[PDB]
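S.K.: Any chance you can model this:
(one chain, ligands or ions: 1)
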Amino acid sequence: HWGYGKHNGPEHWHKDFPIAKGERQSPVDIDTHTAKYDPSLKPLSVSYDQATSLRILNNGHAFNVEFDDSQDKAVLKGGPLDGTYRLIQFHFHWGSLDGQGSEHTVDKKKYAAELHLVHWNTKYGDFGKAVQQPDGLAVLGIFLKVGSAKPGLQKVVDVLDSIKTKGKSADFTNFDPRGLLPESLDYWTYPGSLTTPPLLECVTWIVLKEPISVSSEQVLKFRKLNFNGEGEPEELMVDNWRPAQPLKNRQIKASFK
Ligand SMILES: [Zn+2]
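M.R.: Residues are numbered from 1 along each chain as shown. Okay, here it is:
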């Protein structure tokens, strides 16, 4: 089935998921000289004070940190959004080397990794309904560069040994996602898709301009994870990123000058 290899990677996905070649696929290259400032865009409201993490799972493609989304505890609003979007999970994409790993690119620059905080529009009642709608999800994307350690990431890094292989999960309570955010909330926004199958065109992307810094040791621990299940041939979980897709008939808007 689908993955990130020669035989089942991004270049193959369109045979199972023909929407791969659609009009609003993600990620994209952000060309900072053609993104237009939109003074009508509001500041982003990220309200994570009551966020309730539950569990961390190796799904064979990444690891997901999952949240209780059964009430309005952690929500994204404002910016380009109408209405309220509830946090359900976050995950990352990363490289085998520090020079690649991000999904979005900025003027063709690849970062070492990219964090995705996934939120669903409460007017659709649940996640599965929301992904069927063009405004169903809002994904906050944050780039990671290698430099100083990110203290707020360490709790994640130190549980990874317990979820090494596909299908493994661990309790992951009381994790505060505010510690993964950069200082500035300046962003770019555009309409797009999920970046993994089923590649549904349901996402308002909100990509922050300012990266976070993580240390080489932190990223090294991500690269020890496995795509495989326990007692299968080891295949390191690296390069779990989809390359940039054609922008087509879209505009990328900036919240800042
Ligand atoms: Zn993602």
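S.K.: What distance do you get for the residue of the chain positioned farthest from its centre to residue 164?
M.R.: Going by Cα atoms, centre = their mean, the residue of the chain most distant from its centre is residue 231, 28.7 Å out. According to Cβ to Cβ, to the nearest Å, residue 231 stands 12 Å off from residue 164. Just so you know, the C-beta spots here come from the backbone N, C-alpha and C atoms, and that holds for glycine as well.
S.K.: Now the residue farthest from the centre of the chain: which helix or strand?
M.R.: Counting by DSSP states H and E, no helix or strand carries residue 231.
S.K.: what does stretch 242-256 contact?
M.R.: With Cβ atoms under 8 Å, 6 or more residues apart in numbering as the test, stretch 242-256 has contacts from 10, 23-31, 34-38, 41, 43-44, 79-80, 93, 103-105, 186-192, 195-196, 209.
S.K.: Return a PyMOL selection command for the buried portion of those.
M.R.: Here is the PyMOL command that selects only those of these that count as buried (16 or more other Cβ atoms under 10 Å):
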select buried, resi 10+24+25+26+27+28+29+30+35+41+44+79+80+93+103+104+105+187+188+189+190+191+192+195+196+209
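S.K.: Out of the contacts of stretch 242-256, which sit inside helices?
M.R.: Taking DSSP state H as the definition of helices, the contacts of stretch 242-256 contribute nothing to them.
S.K.: Restricted to strands, list the contacts of stretch 242-256.
M.R.: 29-30, 36-37, 44, 93, 105, 187-192 (DSSP state E).
S.K.: Columns distance to residue 122 on top of the residues you listed, output as a markdown table?
M.R.: Below are the ones in strands among the contacts of stretch 242-256 laid out as a markdown table (distance: Cβ to Cβ, whole Å):
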| residue | distance to residue 122 |
| --- | --- |
| 29 | 31 |
| 30 | 28 |
| 36 | 30 |
| 37 | 29 |
| 44 | 17 |
| 93 | 26 |
| 105 | 31 |
| 187 | 21 |
| 188 | 24 |
| 189 | 19 |
| 190 | 22 |
| 191 | 19 |
| 192 | 20 |
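S.K.: From residue 53, how far out is the closest residue in space to residue 87 that isn't next to it in sequence?
M.R.: Spatial nearest neighbour of residue 87, excluding adjacent residues (Cβ to Cβ, 6 or more residues apart in numbering): residue 74 at 3.9 Å. Separation of residue 74 from residue 53 (Cβ to Cβ): 9 Å.
S.K.: Could you do residue 244 as well?
M.R.: As for residue 244, its distance to residue 53 is 31 Å (criterion: Cβ to Cβ).
S.K.: hang on, the earlier thing: pretty sure the residue nearest to residue 87 sits against residue 48.
M.R.: Yes - judged on Cβ atoms under 8 Å, residue 74 makes contact with residue 48 at a distance of 4.8 Å.
S.K.: Mind jotting down where the strands sit in the stretch 51-200 of the chain?
M.R.: Shown for the stretch 51-200 of the chain, the strands assigned by DSSP state E, counting those that start in this stretch span residues 53-58, 63-67, 75-78, 85-94, 105-106, 113-121, 137-146, 169-171, 187-192.
S.K.: strand partners of the third one, parallel vs antiparallel please.
M.R.: Each strand paired with strand 75-78, and its direction, by DSSP bridges: strand 44-47 (antiparallel), strand 85-94 (antiparallel).
S.K.: Mind putting the ones you listed into TSV with distance to residue 115?
M.R.: Shown next, in TSV, are the strands paired with strand 75-78 (distance: least, Cβ to Cβ, whole Å):
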stretch	distance to residue 115
strand 44-47	13
strand 85-94	5
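S.K.: Most tightly packed of those?
M.R.: strand 85-94 (a mean of 24; mean count of other Cβ atoms under 10 Å).
S.K.: Only C-alpha atoms, please: export it in PDB.
M.R.: What follows is strand 85-94, C-alpha atoms only, in PDB (Å, rounded to 0.1, in the frame of the first residue of the first chain):
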ATOM      1  CA  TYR A  85     -11.500  24.700  14.200                       C
ATOM      2  CA  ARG A  86     -10.700  22.000  16.900                       C
ATOM      3  CA  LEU A  87      -7.200  20.500  17.300                       C
ATOM      4  CA  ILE A  88      -7.300  16.700  16.800                       C
ATOM      5  CA  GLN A  89      -3.600  15.800  16.200                       C
ATOM      6  CA  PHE A  90      -0.200  16.900  15.300                       C
ATOM      7  CA  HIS A  91       2.600  15.200  13.500                       C
ATOM      8  CA  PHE A  92       5.800  15.900  11.600                       C
ATOM      9  CA  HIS A  93       7.500  15.200   8.300                       C
ATOM     10  CA  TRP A  94      11.300  15.000   8.200                       C
END
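S.K.: That concludes my questions; thank you for your assistance.
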